[PDB]
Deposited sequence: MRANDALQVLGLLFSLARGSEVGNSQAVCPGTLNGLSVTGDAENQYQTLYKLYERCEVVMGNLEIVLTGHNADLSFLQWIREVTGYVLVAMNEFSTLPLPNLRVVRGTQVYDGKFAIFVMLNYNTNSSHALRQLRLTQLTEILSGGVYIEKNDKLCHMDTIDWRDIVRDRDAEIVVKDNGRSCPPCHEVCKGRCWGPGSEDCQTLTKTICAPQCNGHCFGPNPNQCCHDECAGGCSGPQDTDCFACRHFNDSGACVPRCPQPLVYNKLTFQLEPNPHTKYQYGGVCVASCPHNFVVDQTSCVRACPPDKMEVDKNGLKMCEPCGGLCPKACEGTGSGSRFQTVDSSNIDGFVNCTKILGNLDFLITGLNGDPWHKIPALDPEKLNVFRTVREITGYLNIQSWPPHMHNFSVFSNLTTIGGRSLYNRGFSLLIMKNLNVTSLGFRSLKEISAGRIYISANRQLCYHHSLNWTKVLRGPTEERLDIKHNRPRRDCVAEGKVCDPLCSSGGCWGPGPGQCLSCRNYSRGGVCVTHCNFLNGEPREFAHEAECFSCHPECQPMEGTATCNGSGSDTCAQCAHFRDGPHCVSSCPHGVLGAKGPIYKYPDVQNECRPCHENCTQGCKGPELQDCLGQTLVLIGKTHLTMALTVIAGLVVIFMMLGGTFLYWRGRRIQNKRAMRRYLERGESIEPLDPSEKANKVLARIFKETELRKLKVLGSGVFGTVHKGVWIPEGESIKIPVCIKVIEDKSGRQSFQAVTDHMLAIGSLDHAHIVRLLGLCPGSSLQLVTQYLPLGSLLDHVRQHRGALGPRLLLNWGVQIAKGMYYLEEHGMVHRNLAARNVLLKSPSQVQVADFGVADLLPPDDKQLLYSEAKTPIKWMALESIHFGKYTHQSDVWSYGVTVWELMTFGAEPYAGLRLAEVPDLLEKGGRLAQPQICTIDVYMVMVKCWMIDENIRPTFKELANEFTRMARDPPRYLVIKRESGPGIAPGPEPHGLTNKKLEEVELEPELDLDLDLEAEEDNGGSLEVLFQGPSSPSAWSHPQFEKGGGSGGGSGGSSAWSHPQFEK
């Protein structure tokens, strides 16, 4: 199992680097989670590493190369979830040298059984043999799909006598196996034999070894612990005569093509299924352990695969005004800052990045490959508290910081959780303050194989130049130099900034302890010297009253002109500065409890 590609006909580097990239990516890969794109490969390339591929999720693209054979003898299922040109799941084009010295002559796809979506495009291949002798409608599932297979070969030999005119090559081991066009009239799909009792299950992708949902080669929808099913077990059982729905004692959730006992902690649960985000008519609601979708808030969507944009840019960044939670990924690429003249998109004003200072959660990944040359940190994301990781870069990555050559610190001072994925922070020649940071307090679960932080500013020079974070910070470290960028303070914080102590026994703005932070005492509280000033910020939590006492509360003066359950209320001060109600016949106040004391 490995990730696929999406480069189309483009390539990176020279002929040897194009091959080494292809080799390393697919070296022991059985299932390609994307496209299989083999473009401009040389005539002497060893492609035997592809022999283990059984299944392709997207399309198979083979173009403008010079190798003689395509060694995919085990590829059975091509799902076509992504389609080349919008039509074709297999695209084979121009695979020959213009001087005819080298060309592709054989596609070794002898086990290819089914294409679940899309057609077949095999065109312009002067030396490619046996393509008009393949019963391609036995393989292509969709009856409305386009099949070309035209200008391929000239003097090519016929199929071997044992193949009955249907083959992938000249040999007796090259014959095509027909699994759909020779079936019993009743079966609507692939078979394992010609009898009406020898047909494959409706949920199978490609062939099968028997008629059961556990004899199946691959599933079309969900795999329920070995059994292919159209849906996972539902919470309610329906009675066709009484029209009742009874609870199902054995339910499961739908998650990415497999049935699971419970939904992953970083996903939101819909009706029996786990999704990255809720439907347009639902919002995410926090429950016990898991999140759920319920019957909305602004649809502040992100960038990357599944969205309309590949990066934040001068025509996209305005969509995040007043955004607190981004659905999906947030990508910053070089073209997103410098501009993209191909689409008439101007360069981004560096100070428009301040629109992200209100974002507290990103449900996907954060990917920064470009940042303005005068911005030495990512303080624009100082308000970010969670990276959800429900959609990851390539596979596994939930945070990327690559080659930002003017950045000295990470920032993200409010960040408490990265719920899933891997961290890649590398090649940033100025980046220094990350070396002391303890990632097991930020990244959830085991971290032994998830933290990739190579190169950057050497730690030796970072400490030697005096870049170790403020001494007030505890073991675990900081996001930068300041006392406000620490994960946790040694003693107390004051508004999120680390301090040596609180103003408990002394200090004009007297304070009290609460949740390891310093908080001020009530304005009417009497300051203490040598003992605690207060136990809270309320009018009844102080050690002594600064002015006048009114029952349990301290006040600056006794109240006058107050309207309560019985109308106007007036109180007078006593010799000890205590407030008491005035006589029943007083007007606007009094000097005592008696009738003669009224004003």
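According to the record, no C-alpha positions are given for deposited positions 1-27, 323-326, 631-1066, numbered from 1.
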